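One chain comes next, on its own, written as structure tokens: the form deposited in one PDB entry.
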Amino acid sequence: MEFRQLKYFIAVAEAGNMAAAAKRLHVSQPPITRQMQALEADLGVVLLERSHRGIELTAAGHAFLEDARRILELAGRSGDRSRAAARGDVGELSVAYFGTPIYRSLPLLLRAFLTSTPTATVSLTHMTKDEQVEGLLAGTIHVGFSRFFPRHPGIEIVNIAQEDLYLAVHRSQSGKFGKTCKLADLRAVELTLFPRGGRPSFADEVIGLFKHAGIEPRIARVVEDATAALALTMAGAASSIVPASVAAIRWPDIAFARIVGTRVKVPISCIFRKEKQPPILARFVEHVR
């Protein structure tokens, strides 16, 4: 069987007449006739008959007509599926994340991406920054989001944005601070930071910001992540410092106060393997920039 044979047969069949089929096909009589004899020979069946009315289909012809249509319909749609995949119009972007960008910044970036590529999908996985590097190099994830990525030569970092910092305290300690504050005002406050590890982290950044401001902080403890800190704060057992992403959410019993200062800010970045980027990733990277 050949594709040309199929499109001709459908036209011959639908037009119900040879001259009318030629008009639709932009082609002369003799090529059409050649393609029908070749088609009937391959199948080993007669598909067409003549009469006063012109062209008629046998039982074999009628059965083949429906299939010929489903075949060109599927072929046409399969062509589109392949071009769509080259363009990055479709595909599943595998995203990894660590730390607080997952609370607001990352989702909004995903909203904007899905909105300009509505037939794409995303998956999400929590991963340490080290896991993200390994996974990126290996191709198990396309893009990773966190704050302070360790250095690697085969990976591009893109600082998407920066975020303010907010003191977080139990509802009952609200109004000891107001809605705005400075790092100087927190030297009597026992602070719970996160995460632990020591490799460049949000905790270490906050500690450095206190050192820049010439202030000794009281760090009561470093907990495993923001969830722990927020839950301790909600339970009345702690105060913390958190980026704007976290403060954008209304958590019952927690109040926030923005820490003022030009330098008191924290980045959001994302990493990807700059080499051999599949189209869904290239489309996302072009959105990140």
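Note that residue numbering begins at 1 and tracks the sequence as displayed.
Legend: mean Cα B-factor per stretch from the PDB entry, 227-235 versus 254-262; the higher mean is in 254-262.
If you average the C-alpha B-factors over 106-114 and over 173-181, the higher value belongs to 173-181.
Taking the PDB entry at face value, the top CA B factor among 125, 128, 201, 100 belongs to 201. Listed residues 58, 245, 28, 240 were ranked by CA B-factor as deposited; 28 comes out on top. Annotation for residue 45: C-alpha temperature factor in the middle third relative to the rest of the modelled chain, per the entry. The entry lists a Cα temperature factor for residue 32 that places it in the highest third of the chain's modelled residues. Residue 52: CA B factor lies in the highest third for its chain, per the PDB record. Looking at the C-alpha B-factors along this chain, the one for residue 10 belongs to the middle third. The PDB entry assigns residue 150 a C-alpha temperature factor belonging to the highest third of its chain's modelled residues.
Although not depicted, the form deposited in another entry is the subject of the following passage.
Treated as two rigid bodies moving between this form and the one not shown, the chain carries residue 33 and residue 139 on opposite bodies. The distance between the CA atoms of residue 274 and residue 88 is at least 3 Å longer in the other entry than in the form shown here. Annotation for the pair residue 84/residue 92: C-alpha atoms approach each other in the other entry, by 3 Å or more compared with this form.
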